[PDB]
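There are 2 protein chains.
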Amino acid sequence: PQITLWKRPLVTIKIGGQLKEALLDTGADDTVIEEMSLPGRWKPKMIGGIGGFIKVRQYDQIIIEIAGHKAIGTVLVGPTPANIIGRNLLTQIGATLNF
Amino acid sequence: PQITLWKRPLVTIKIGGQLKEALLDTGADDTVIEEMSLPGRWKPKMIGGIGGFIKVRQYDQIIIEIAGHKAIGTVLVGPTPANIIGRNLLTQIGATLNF
Ligand SMILES: [Cl-]
Ligand SMILES: [Cl-]
Ligand code: NA
């Protein structure tokens, strides 16, 4: 698709067999999702946002579908105000910004 | 241009007679710049995201040039960790996300 930005670029994702809404975020290095259960072991990570820093759980090699496009990569889980798809997965699905 | 997302999508902007670097951020509703002077009236605002909220000054009808493209809109000024061009100005330069 070609997604304009008059509204927030929200898409449906599928993770763990469940559908969720998430924001396509070119200003995010990483993908961050609200609390949910993911398999395997996690590693610690500190991330920064407009307000300061939060601690998250880093899960690697997670299967995730983004607007119908398959990806497998790192997902951070923590107290984000919104589910965000960052550049680590935007690159996997071939996303570019154009103007 | 077409901008890939292998690295942060930073561009040069001209605002307030000043050149700055800023991040093209589809996950931001609004444009937020580090402390600087702008002309005109302003009013206070709180904006939020991953580590909570910060207080900014809201200036309306500010002319900006973003990678060579002129636009006008609201610019928020305050202690942001990064200069960000959000959707309110991305739309004006015709920016889309494509995949
Ligand atoms: Cl505006
Ligand atoms: Cl348009
Ligand atoms: Na003004």
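The listed protein sequences correspond, in order, to chains L and S.
Following the numbering used here, the numbering of the first sequence begins with 1 at its first residue and continues without gaps.
Following the numbering used here, the numbering of the second sequence begins with 101 at its first residue and continues without gaps.
The beta-carbon is built from N, C-alpha and C at its ideal position, and this holds for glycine as well.
In the three-state reduction of the DSSP assignment, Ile-193 of chain S falls in the helix class.
Comparing alpha carbon positions, the residue from L:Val-32, L:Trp-42, L:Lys-14, L:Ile-15 closest to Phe-53 of chain L is L:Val-32. Put simply, the backbone Cα of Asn-88 of chain L is about 30 Å away from that of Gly-173 of chain S. Going by DSSP, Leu-19 of chain L is part of the beta strand (DSSP E) stretching over 18 to 24.
Between ligand 1 and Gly-78 of chain L, a heavy atom-to-CB distance of less than 6 Å is absent. Relative to the non-hydrogen atoms of ligand 3, the Cβ of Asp-130 of chain S never comes closer than 6 Å to any of them. Between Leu-23 of chain L and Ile-66 of chain L, the C-beta gap is not smaller than 7 Å, which leaves the two residues out of contact.
Distances taken from the Cβ of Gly-186 of chain S to the heavy atoms of ligand 3 include none shorter than 6 Å. Residues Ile-164 of the same chain have their beta carbon placed closer than 6 Å to that of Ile-115 of chain S, with the five preceding and five following residues left out of the count. Within the DSSP bridge table, the entry for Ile-162 of chain S names S:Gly-173 as partners.
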